[PDB]
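Asks: output the structure for:
(chains A, B, C, D, E, F and G, ligands or ions: 4)
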Amino acid sequence: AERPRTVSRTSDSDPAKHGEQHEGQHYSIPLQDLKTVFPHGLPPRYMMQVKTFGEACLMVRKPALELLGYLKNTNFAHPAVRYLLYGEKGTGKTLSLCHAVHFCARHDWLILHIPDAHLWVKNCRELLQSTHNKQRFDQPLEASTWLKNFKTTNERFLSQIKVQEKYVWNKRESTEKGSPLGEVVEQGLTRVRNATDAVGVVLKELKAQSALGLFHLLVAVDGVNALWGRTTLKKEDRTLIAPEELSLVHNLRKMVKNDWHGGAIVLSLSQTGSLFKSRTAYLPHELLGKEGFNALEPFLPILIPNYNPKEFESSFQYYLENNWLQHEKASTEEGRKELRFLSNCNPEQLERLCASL
Amino acid sequence: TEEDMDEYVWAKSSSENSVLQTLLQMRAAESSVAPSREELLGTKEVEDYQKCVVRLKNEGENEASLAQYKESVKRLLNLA
Amino acid sequence: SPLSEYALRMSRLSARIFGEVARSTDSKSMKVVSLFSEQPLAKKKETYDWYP
Amino acid sequence: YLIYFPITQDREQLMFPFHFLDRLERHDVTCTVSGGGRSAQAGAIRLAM
Amino acid sequence: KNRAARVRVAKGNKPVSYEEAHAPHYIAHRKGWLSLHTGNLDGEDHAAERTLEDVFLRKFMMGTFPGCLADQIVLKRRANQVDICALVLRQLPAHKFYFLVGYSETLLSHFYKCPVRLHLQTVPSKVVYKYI
Amino acid sequence: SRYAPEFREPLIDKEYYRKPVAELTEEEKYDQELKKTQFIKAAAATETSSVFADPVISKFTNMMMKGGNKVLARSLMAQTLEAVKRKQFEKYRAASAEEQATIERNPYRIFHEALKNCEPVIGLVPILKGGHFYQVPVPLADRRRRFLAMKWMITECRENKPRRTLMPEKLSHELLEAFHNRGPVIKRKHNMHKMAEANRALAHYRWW
Amino acid sequence: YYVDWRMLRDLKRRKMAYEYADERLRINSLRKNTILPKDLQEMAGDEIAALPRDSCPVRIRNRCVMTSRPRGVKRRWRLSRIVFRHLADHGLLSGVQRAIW
Ligand SMILES: Nc1ncnc2c1ncn2[C@@H]1O[C@H](COP(=O)(O)OP(=O)(O)OP(=O)(O)O)[C@@H](O)[C@H]1O
Ligand SMILES: [Mg+2]
Ligand SMILES: [Mg+2]
Ligand SMILES: [Mg+2]
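Replies: Numbers count the residues shown, from 1 in each chain, chains lettered A, B, ... in the order given. Ligands and ions are numbered 1, 2, ... in the order given. Structure as follows:
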């Protein structure tokens, strides 16, 4: 029947309203919030679902409800708390983190969202050296893409916040103290050479100014296990580089530390895209390693499991509600029981199996 | 060094520093006068957190052992 | 990973006990140990007594 | 079985015994397959189940 | 056509023994092995030296008992002992066999430095398995 | 074959075994009792009682497989079905209520009706008359008619596509353009029929 | 008498390699390293060269012990394929049978 179809949608567009009662219900993300809060960070296959269905709807789940609860009770005076979303492949870690990014975005937090951190440690076609420190290297294209997305999300706060120091981009170009933070972002996009340095200024400024009570800061890094791992980038001597050497990686490692206050850090682990890690590695120590684990502790691990019986029915009815499951036998009880076995209630596998059907 | 050791020793480790640093920042935010190192690391909250980290490092890491670590962090960090 | 002082000094203590090469020896120079630890081909009973 | 058998066709081969007798979700199986490849191991389990 | 160790058909007047009748593919199926040593077992050495001794020991017995051998000899090695089991026709007088046994044993014990014994079963005439 | 000729092909129809005894024709009823005393071949690894298993598509997959790479061929077919479902959903949403009714969003029904349209009914065959071979129009059999439709599809997409296009994007665009009877593979069917028309004169040469 | 003059030359090569085994070992060891001066290594390169050519153990060829056939030999029995098959096909090799499977 369609009894879970009633449970397959909720009218509470605002993430604050959500609670345990709303579990297993899909809340539509407003169209403006998709083009502002989420210009990046949504999974690639989910983005295909948003285009075809014409609407983004994120199932409310207990893991993402627990996280939103901690964010509501955040003690800004106390140091920032690192929340680590760890789970098996396809369980929904990225979209559980995107749920937290929506809650903070609607309360007027300053979103510092790194959509994927594996992209910064592999397949780089332009790798320059840094003037600030000659040991470090600069990734112009990787930094330029992030800045354009960071600009879109936080466009409102780019005029209020203002630099507290003078930054000399070139001999002929410098940023006077007091100018809006938007100017730092504008120069980075204008001159790609400084793009990897504009990012460092942005991260440094926000971290320092957040403690002054002007704004809250959500450092949401998905794929954080890349920072303390290995790279597949080679130097001019054909010798592999290390994560510390890279400029973007080094700046971020500071933001994920609990030595500041005025915000919260939400981290996620992703074995997908990871370098030199097994396919069946999901636990925090296996993916972070000894260096990554020690860096982040004390952290709060939040397990993202597979769909429970209530959530699987809600997802099954959501696909049926949009006419996605076009096979004649999919709506039947023998189809549903089959799809439960093959997918095993895994969110990603269920989306893949239903995609072909 | 720490890397050489086969059995994790929380005492004089990266964990103890990270825990002590957090507790120092927590008492400072409370506006309390700077406390002693032994005072911060003698509390029961820190005792349990030591036991949980050691289990993850020595006994083994699993969802059950990670759940125990989650509770200790909540008590140590005064999270609801 | 690199070998710290403890690791390297333990490795030399082990080699000293088990009668292994204790110094850092190139792959080329490890043939001298092989030449004098293995019976040469011409000294094996199969070779010199190949024929009745 | 979703982890051990990342391929759908191997999982379908494990589904065939139970789906045929409409006994899905009514039994708990513990398997121990050694030898062969992915497809040969799914088939051996199908017969054993 | 295969010509190996096959006593070919004539016109039904050729006597053949059990050993001769069976072609190589019947080895280990209908007929066994004439020599039994441990040198061809897995992880065992000195197959070449046992095989060379067999070739010589067969040529020695043919010459030492010329025309007196009813069938191929059977060689049995146990420990360092060698045992030669030969079917011999009753052509020679009895005392001559005692001489050739004493001679052939002592000579082959001082040549291979092992205890060698000769076991002789005398037949009235060659045993014919079938006429082919 | 390792199966003796006495072995029987397996029957993997779930409903058939659970039907009431009276609902079965006595011919079908007879075979069941006979099979109790016969040997049964083991089911193939791709033979299941799944409700989503379609023999036509399973056959089409095997005709795309190269070198025993079943995972890749099955993956390409899954991407094709998805590429067709996503192409019809886009058209459906961007269409009026009147147009929306006609649009078909079932990929399995687009695949089957696309192939049937391509099927050629009559194709030229070499037939021997007076110790000489002539090309005489012949009625193609069911199996040969079905094979030709699939082979012509897998061959237009494999070859006559841009270098950077992918098979799920060429095959989807060809199944959809053969679901409306306006494609290259339909033109290939129209050539086989056009050639048989020219050689109708030799039709009577057929002896069956 | 050995089978042929080729087996005779091979036998002598095997007896001169046994005589020069220790010598060619000690001298060649001085060359197979990176710890000794290159002047000594260049000189040891000539002392080993000066030894008689038949002392070199790579000039030995394994021949059938009974027919002196250079190729086709099986090293476990030291017989050519032709001689091996004659003994094997007659039941004279202990445990050797035809392979049917
Ligand atoms: N809360 C949710 N609402 C809707 N769909 C979801 C949700 N969680 C998971 N899914 C489904 O599961 C798929 C995979 O989710 P996601 O990529 O977020 O998981 P993940 O655990 O981060 O994966 P990976 O380990 O590959 O990084 C999504 O594309 C979607 O189809
Ligand atoms: Mg993810
Ligand atoms: Mg000669
Ligand atoms: Mg040679």
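Asks: what does chain G have sitting close to chain C?
Replies: G:2, G:7, G:10-11, G:14-15, G:17-18, G:20-21, G:24-25, G:28-29, G:32-35, G:57, G:60, G:62, G:65, G:78 (C-beta under 8 Å from any C-beta of the partner chain). From N, CA and C alone the C-beta is placed, and that goes for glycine too.
Asks: now list the buried members of the residues you listed.
Replies: G:7, G:10-11, G:14, G:17-18, G:20-21, G:24-25, G:28-29, G:33, G:57, G:60, G:62, G:65, G:78 (16 or more other C-beta atoms under 10 Å in any protein chain shown).
Asks: show me the contacts for the residue nearest the centre of chain D.
Replies: In chain D, the centroid-proximal residue (C-alpha atoms, centre = their mean) is residue D:14; its distance is 2.5 Å. Contact partners of residue D:14, counting by C-beta atoms under 8 Å, 6 or more residues apart in numbering or on different chains, are D:1, D:5, D:42, D:45, D:46, D:49.
Asks: return the members of the residues you listed classed as buried.
Replies: The buried subset of the contacts of residue D:14 (16+ other C-beta under 10 Å) comprises D:5, D:42, D:45, D:46.
Asks: these two touch, right, the last one and residue D:13?
Replies: Yes: when contacts are counted by C-beta atoms under 8 Å, residue D:46 is listed as touching residue D:13 (5.0 Å).
Asks: chain C: helices as residue ranges?
Replies: C:5-18, C:31-37, C:45-48 (DSSP state H).
Asks: and the first one with chain B, contact?
Replies: Pointing back at helix C:5-18 there. Yes: judged by C-beta under 8 Å from any C-beta, helix C:5-18 comes into contact with chain B at C:6, C:7.
Asks: and the contacts of that helix?
Replies: B:1, B:4, C:3, C:20, C:21, C:22.
Asks: OK, now which residue of chain A is nearest to ligand 2?
Replies: Nearest to ligand 2 in chain A, going by C-beta to the ion, is residue A:94, at a distance of 3.2 Å.
Asks: and the strand or helix carrying that residue with ligand 1, contact?
Replies: Residue A:94 belongs to helix A:93-106 when assigned by DSSP states H and E. Yes: applying C-beta under 6 Å from any ligand atom, one finds helix A:93-106 touching ligand 1 at A:93, A:94, A:95.
Asks: count of neighbours near residue C:6?
Replies: Residue C:6 is flanked by 12 other residues according to other C-beta atoms under 10 Å in any protein chain shown.
Asks: do residue D:47 as well
Replies: Residue D:47 has 10 nearby residues by other C-beta under 10 Å.
Asks: for it, which residues are in contact?
Replies: Contacts of residue D:47 (C-beta under 8 Å, 6+ apart): residue F:42.
Asks: quick one: what helix or strand has it in it?
Replies: Going by DSSP H and E, residue D:47 is part of helix D:38-48.
Asks: report the closest residue of chain F relative to ligand 1.
Replies: Chain F approaches ligand 1 most closely through residue F:82 (13.3 Å), counting by C-beta to the nearest ligand atom.
Asks: my guess is that residue contacts residue A:355. True?
Replies: Yes: with contact defined as C-beta under 8 Å, residue F:82 and residue A:355 form a contacting pair (4.7 Å).
Asks: stretch A:341-355 near chain F anywhere?
Replies: Yes: Stretch A:341-355 is in contact with chain F by C-beta under 8 Å from any C-beta, via residue A:355.
Asks: tell me if that stretch is near ligand 2.
Replies: No: using C-beta under 5 Å from the ion, stretch A:341-355 stays clear of ligand 2, coming no nearer than 9.1 Å.
Asks: can you give me how far that stretch is from the chain middle?
Replies: Chain-centre distance of stretch A:341-355: 23 Å, with C-alpha atoms, centre = their mean, to the nearest Å.
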